[PDB]
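Sequences listed follow chains A, B, C and D, in order.
If you want UniProt numbering, it's the position in the first sequence, counting the first as 1, plus 1.
If you want UniProt numbering, it's the position in the second sequence, counting the first as 1, plus 1.
If you want UniProt numbering, it's the position in the third sequence, counting the first as 1, plus 1.
If you want UniProt numbering, it's the position in the fourth sequence, counting the first as 1, plus 1.
C-beta: ideal position from N, C-alpha, C; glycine also.
Reviewing the structure listed below.
4 protein chains.
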Amino acid sequence: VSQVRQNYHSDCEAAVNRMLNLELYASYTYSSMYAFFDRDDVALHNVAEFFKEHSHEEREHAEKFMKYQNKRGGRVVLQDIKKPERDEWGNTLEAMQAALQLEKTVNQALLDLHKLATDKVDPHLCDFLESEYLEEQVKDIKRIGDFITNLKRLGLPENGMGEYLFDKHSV
Amino acid sequence: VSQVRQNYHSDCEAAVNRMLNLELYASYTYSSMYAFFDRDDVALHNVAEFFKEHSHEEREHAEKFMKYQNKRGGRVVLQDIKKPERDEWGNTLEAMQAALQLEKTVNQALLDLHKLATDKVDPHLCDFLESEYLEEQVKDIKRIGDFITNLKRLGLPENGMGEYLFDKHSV
Amino acid sequence: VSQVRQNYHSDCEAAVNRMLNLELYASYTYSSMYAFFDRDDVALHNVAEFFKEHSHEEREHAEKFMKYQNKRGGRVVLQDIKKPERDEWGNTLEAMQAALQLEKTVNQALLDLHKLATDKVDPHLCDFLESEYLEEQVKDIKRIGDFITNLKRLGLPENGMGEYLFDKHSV
Amino acid sequence: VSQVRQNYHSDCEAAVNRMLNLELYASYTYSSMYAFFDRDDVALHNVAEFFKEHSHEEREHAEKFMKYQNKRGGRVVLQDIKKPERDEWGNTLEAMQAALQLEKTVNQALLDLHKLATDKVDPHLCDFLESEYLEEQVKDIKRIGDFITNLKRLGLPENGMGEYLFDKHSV
Ligand SMILES: [Mg+2]
Ligand SMILES: [Mg+2]
Ligand SMILES: [Mg+2]
Ligand SMILES: [Mg+2]
Ligand SMILES: [Mg+2]
Ligand SMILES: [Mg+2]
Ligand SMILES: [Mg+2]
Ligand SMILES: [Mg+2]
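Okay, structure coming up:
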């Protein structure tokens, strides 16, 4: 074992490695959504940049976990990043709803990892999660929630003008 | 009595204390409206900030009355601030209409206090009301009136896109 | 329920709404103390501003809870803000002692809400309390404690010159 | 009559001339108080400057009335300025109490002149009084009241150290 390792449980380490991968998956899913709205037959470019920013963020989150792992004397073990669930994302409402579920999935995983850290009595990993991840996630969930509400206000599945305006005003 | 008190009628003092409380009530009602539009299922954030600004204003008005009271040798006597009449405010039109009534209620109370001050021949309280409150109130009533007219132009109870646009342009 | 809500217990939500109100009560009590020292027959103006600052702070704390609530998908439900316990606050020592009890009451309520959040396994609300409230409270309790000690050193209930000096040096 | 005169009653004019003189009297009384505290056996120099500032203010008030008079087509008629009531003013508390009475006397005279202007239906003189004099007077009465309270807190008739400190901190 690492000469640095202290109070770092094996399960925690494994869960962090798992979380890292989920982060890269989420990043990759947003990369899909970016490419979808950049398409000429979809063309909502501000929506597209919103998702591109988000893929970069989740990628930076995954790297923070890599750094974390090594700080604690754990070892990074990477797995395959699975392709996102869809190839086309429908429209802005459909994509935002997909995004809300993706963020709640990631949020749940983080809460779970927090509970594991609490059970294994690792104060440091608990703080890492609280400080770098948990508030960031409710911020993002609240923002996407707000977007879905406003997309629906604009009567989105059907109203094209509403979707166009959302691109020019909410992002 | 206060060594400072001069030409300050007992009724006026009591009415000022009453007015102070009405101001805090109005402030509290706007605080409700702020929280309502900040909700994820309501999400009109500029409307929400409009009302948040207004709660801060009515609170600053209440404090001006506290200061006034002591300047004149009167004594502040606080009462309970009653919870606002509604918990949910419907939509932007419904909330603006509620706000217009609330402002006319406050305006009426101020005009009443002015009449009392005129009857008791207190030039100083009359000027205080004229200078710090009366013009501010017709400004606000005219503004909210304008908003209601524009909300209706946007066909508001029913038109969601109209409500969204109001949030991006009128506030 | 809120599309945003995740791991947010009903009890927690209710307790947050309760805490919000306690904050507004504390704010209102300080508003009393401000008006008391601004009186011409009391006239300690720096003490008065100290309490006025504090009412603004507790009001900003209440608004943070409103924001919090909506971030988590909870719903703000406001109650009446009860008038403060006294109308006159005696002297600077008496008011500071009242303030120390008020702050320990608020502190206790916060610690309680933290225990509830820990029992319901809500890491996010726990962090919110730790980060925005708990340290702020021991800072304030320690400061008011220091003031009471110094007020007593100045032999306060009886020594008027001591009270005057406190106003010019400790605030 | 003045080609400029319009809606300016003869009584009002006479009362303004009277008020002017009262202002110069008040100014002269403060000039006494200034000279008293500048004495080597009294030596409270900040108290002395406070009163010197105040004599300059009441003199500027008298000149505003001269200007007013001519603006309205009235004619200034000056009278003798009577010497102040005392030659020595005792101590800082005694002088402040004298000052509080002097200011309430002036305040009363102004309120009276306002009532006369209201009876003669002169809106312009009423506004002049409200704008340039009435608020200034309650500000000053509240300030001197505060001083008397603090002088008494310092146990003034008897406590010399309290008087010294007041000079270094309240003015
Ligand atoms: Mg993430
Ligand atoms: Mg995220
Ligand atoms: Mg108001
Ligand atoms: Mg208003
Ligand atoms: Mg607090
Ligand atoms: Mg506090
Ligand atoms: Mg004057
Ligand atoms: Mg004056």
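Just measuring C-alpha positions, the residue of D/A15, D/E164, D/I82 sitting nearest D/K121 is D/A15.
For B/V122, at least one C-beta of chain D is nearer than 8 Å to its own C-beta. According to DSSP, A/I82 shares a beta bridge with no other residue. The C-beta separation of D/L94 from D/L152 comes to about 4 Å, placing the pair in contact by the 8 Å criterion. Closer than 7 Å to some heavy atom of ligand 1: that does not describe the Cβ of A/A99. The closest heavy atom of ligand 1 lies less than 7 Å from the beta carbon of A/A27. Not a single C-beta of chain A is nearer than 8 Å to the C-beta of C/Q102. The residues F66, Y69, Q70, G75, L114, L126, in chain order, have a CB closer than 8 Å to that of D/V17 in the same chain once the five nearest residues on each side in sequence are set aside.
Per DSSP, D/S56 is one residue of the alpha helix (DSSP H) stretching across 46-72. Contact between D/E24 and D/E54 fails: their C-beta atoms lie close to 15 Å from each other, not under 8 Å. Here DSSP, grouped into helix, strand and coil, assigns A/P124 to helix. DSSP places C/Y165 within a helical segment (H, G or I) once states are collapsed to three.
For the pair D/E137 and A/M162, the Cα-to-Cα distance works out to about 60 Å. Listed by position along chain D, the residues whose Cβ is nearer than 8 Å to that of B/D128 are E131, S132, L135, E136. Closest in C-alpha terms to A/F129, from the list A/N22, A/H62, A/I142, comes A/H62. DSSP places C/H170 within a helical segment (H, G or I) once states are collapsed to three. Here D/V172 has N47, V48, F51 as same chain residues with Cβ atoms under 7 Å from its own Cβ, once five neighbours each way along the sequence are excluded. Residue contact check for C/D147 against chain B: no CB pair falls below 8 Å.
Excluding five sequence positions before and after B/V5, the CB atoms of its chain that fall closer than 6 Å to its own CB belong to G74, given in chain order. Annotation for B/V77: no alpha helix (DSSP H) segment contains it, and DSSP assigns it neither H nor E. At least one beta carbon of chain C lies nearer than 8 Å to the beta carbon of B/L79. Contact with chain C is found for A/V139, since one of that chain's Cβ atoms lies less than 8 Å from the residue's Cβ. The Cβ of A/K65 sits no closer than 8 Å to any Cβ of chain C. Put simply, of D/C13, D/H170, D/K72, D/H57 the residue whose alpha carbon is nearest the alpha carbon of D/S32 is D/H57. Close partners of C/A99 in chain B (Cβ separation under 9 Å) are lacking, with about 15 Å as the shortest Cβ gap. Under a 10 Å Cβ-count criterion, A/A44 is classified as exposed, with fewer than 16 other Cβ atoms of the shown protein chains found around its own Cβ. For C/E86 and C/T30, the gap between their C-alpha atoms comes out near 8 Å.
Taking every protein chain shown into account, the CB of C/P124 has 16 or more other CB atoms within 10 angstroms, so this residue is buried. Taking 7 Å as the cut-off, one finds no heavy atom of ligand 2 near enough to the beta carbon of A/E89.
At the C-beta level, C/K83 and B/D88 stay beyond 8 Å of one another.
Taking all protein chains shown into account, C/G156 has fewer than 16 neighbouring C-beta atoms within 10 Å of its C-beta and is therefore exposed. No Cβ of chain D is located within less than 8 Å of the beta carbon of C/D12. Interface criterion met: the Cβ of B/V5 is under 8 Å from a Cβ in chain C.
Checking the 7 Å criterion, the Cβ of D/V107 is within range of a heavy atom belonging to ligand 7. For D/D141, the closest alpha carbon among the candidates D/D12, D/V107, D/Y9 is that of D/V107. C/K72 reaches chain A at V139, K143, counting residues in chain order whose Cβ is nearer than 7 Å.
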